[PDB]
Structures are given as structure tokens and as C-alpha cells.
Amino acid sequence: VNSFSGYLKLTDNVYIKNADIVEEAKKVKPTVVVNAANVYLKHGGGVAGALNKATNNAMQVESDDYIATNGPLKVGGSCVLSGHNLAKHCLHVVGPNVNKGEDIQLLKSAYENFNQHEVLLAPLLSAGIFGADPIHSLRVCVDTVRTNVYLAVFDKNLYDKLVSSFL
Ligand SMILES: OCC1(Nc2ncnc3[nH]ccc23)CCCC1
């Protein structure tokens with residue numbers, strides 16, 4: 001039993017809700033919140049910009065030190081950093097950005113990072129400003145993640161479409 005509330009159950013391990021991931025994180029304080037990161041951990045917009053803003057830019061400061069030490073992530077890769085005031089940990093995961101020409105096949109690799117964590121609050125990878133089809137992202141999530149994932153979909157209209165079209 002955990003403290004996630006109001007989610008629709010999609011499968012044994014995947015749950016979905018129309019919610020602002022920032023507000024969800026502030027309420028639940030999950031062990032792991034997933035950020036929709038880029039390889040530079042530059043948290044400018046989308047989910048990443050919103051999460052970083054909620055940390056008063058502390059996420060960005062930590063991220064800049066991480067990159068200065070380690071260099072960029074790989075598309076499809078991840079790193080674990082602090083969750084600041086939002087969660088114990090933030091798993092920064094890089095899905096392919098279609099608006100950059102990156103290979104959508106890397107979306108499965110990106111979701112594989114979730115399997116290293118027993119429970120996660122997460123957005124749909126490569127959706128929104130990353131330019132992939134969110135219906136496809138949901139399918140890859142369901143077919144790749146085996147741990148317990150609570151998906152926050154910001155856009156209510158998109159949420160309804162994802163539920164109604166889910167196979
Ligand atoms: O889930 C993926 C999407 N992005 C967010 N989800 C949840 N909370 C969010 N807060 C800010 C952005 C954001 C991308 C397109 C629609 C939802």
C-alpha cells in the first residue's frame with residue numbers, strides 16, 4: 001500500500017491520472033519522481049522547467065555540478081540526483097526528442113531506467129515538447145516498465161484520449 005490517490009489502474013503495475021506532476025510530488029513526496037530531462041540537464045521547459053522552478057532552481061544548480069563532473073547523459077540514459085523539496089530522489093531520464101531528430105526506438109531504452117526503482121511518479125517520456133505521440137509513449141511504458149509506475153498527465157484533454165484509446 002502507498003499514498004497515491006485517484007489513479008486509474010491500467011495494468012498490474014501502471015496507474016494513470018490527470019495531474020500536474022509538480023503538485024502531485026508536493027503532496028505525495030514519493031521516493032522517486034522522474035524528470036523528463038535532456039542530456040545537458042538544462043531544465044528550461046516542459047516537465048523539467050516546472051520541476052526545477054518548484055525547487056527554486058536548486059535542481060538546476062545540482063545538475064550543473066553533475067554535468068561539470070560527468071559530462072552529458074546519453075539519449076535513453078538517466079541519472080539519480082536529489083529530489084529536493086519534491087521527492088527523496090529525482091530520476092532524470094532522457095527520452096528521445098523528436099523535434100531534434102532523435103531515434104524514437106530509444107524510448108524503450110529510456111523507460112528501462114524505471115525498472116531500477118520499485119515505485120515511481122513519472123510523466124510520459126518523449127511526450128509534450130519532446131514531440132512524440134503520447135499514445136505510443138504510454139504503450140512503450142506499459143510494455144517495458146515492470147515496477148510500479150504512477151503516470152501524471154498534465155493535459156486533461158490528452159488524459160481522456162489516453163484512457164479511451166488504451167488497449
Ligand atoms: O506527462 C507528460 C506531459 N507533461 C507534464 N505532465 C505532468 N505534469 C506536468 N507538469 C508540467 C508539465 C507536465 C507532456 C504533455 C502533456 C503531459
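Numbering of ligands and ligand atoms starts at 1, following listing order. Because only heavy atoms are used, hydrogens play no part in the values below, and waters and symmetry mates are left out as well, while side chains stay in. Residue indices begin at 1 and follow the sequence shown.
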(message) What protein heavy atom lies closest to atom 15 (C) of ligand 1? Include the residue and the distance to one decimal.
(response) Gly128 CA, 3.2 Å
(request) Among all protein heavy atoms, pick the one closest to atom 10 (N) of ligand 1 and tell me residue, atom and distance. (result) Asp20 OD1, 3.4 Å
(message) Centroid separation under 6.0 Å, is that true for the rings of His89 and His117?
(response) no
(request) Examine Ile21 against ligand 1 and note whether any of their N/O atoms are separated by less than 3.5 Å. (result) yes
(request) Please indicate whether any nitrogen or oxygen in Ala152 is less than 3.5 Å from any nitrogen or oxygen in ligand 1. (result) yes
(request) Decide, yes or no, whether a salt bridge links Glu23 with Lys26 under the criterion of side-chain N to carboxylate O below 4.0 Å. (result) yes
(request) Please determine which of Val28, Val119, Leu120 meets the side-chain contact (heavy atoms from CB on, under 4.5 Å) test together with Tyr150. (result) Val119
(request) Look at atom 11 (C) of ligand 1 and say which protein heavy atom is nearest, naming residue and atom and giving the distance to 0.1 Å. (result) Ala50 CB, 3.8 Å
(request) Could you tell me the residue and atom name of the protein heavy atom closest to atom 4 (N) of ligand 1, and the distance to it rounded to 0.1 Å? (result) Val47 CG2, 3.3 Å
(message) Using 0.5 Å steps for rounding, measure from the NE2 atom of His84 to the CE atom of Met59.
(response) 5.5 Å
(request) Pull out every atom of ligand 1 sitting under 4.0 Å from any heavy atom of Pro123, numbered as shown with elements. (result) 1 (O), 2 (C)
(message) Looking at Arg146 and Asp12, is there a salt bridge between them, counting it only when a charged N and a carboxylate O are closer than 4.0 Å?
(response) no
(message) Assess, by modelled atom type and distance only, whether the side chains of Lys108 and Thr144 contain a donor and an acceptor separated by less than 3.5 Å.
(response) yes
(message) Quick check on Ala36 - does any of its heavy atoms sit under 4.0 Å from an atom of ligand 1?
(response) no
(message) Is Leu124 close enough to touch ligand 1? Criterion: a residue heavy atom under 4.0 Å from a ligand atom.
(response) yes
(request) Using a strict 4.0 Å cut-off to heavy atoms of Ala19, name the atoms of ligand 1 that fall inside it. (result) 7 (C), 8 (N)
(request) State, with a plain yes or no, whether a side-chain heavy atom of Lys161 is found less than 4.5 Å away from one of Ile135. (result) yes
(message) Tell me the protein heavy atom at minimum distance from atom 16 (C) of ligand 1, and give that distance in Å.
(response) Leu158 CD2, 4.1 Å
(message) Please list the nearest protein heavy atom to atom 17 (C) of ligand 1 with its residue and the distance rounded to 0.1 Å.
(response) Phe154 N, 3.5 Å
(request) Check whether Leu8 and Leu162 end up in the same hydrophobic cluster, where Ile, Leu, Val, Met, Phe, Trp and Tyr are linked by side-chain heavy atoms less than 4.5 Å apart. (result) yes
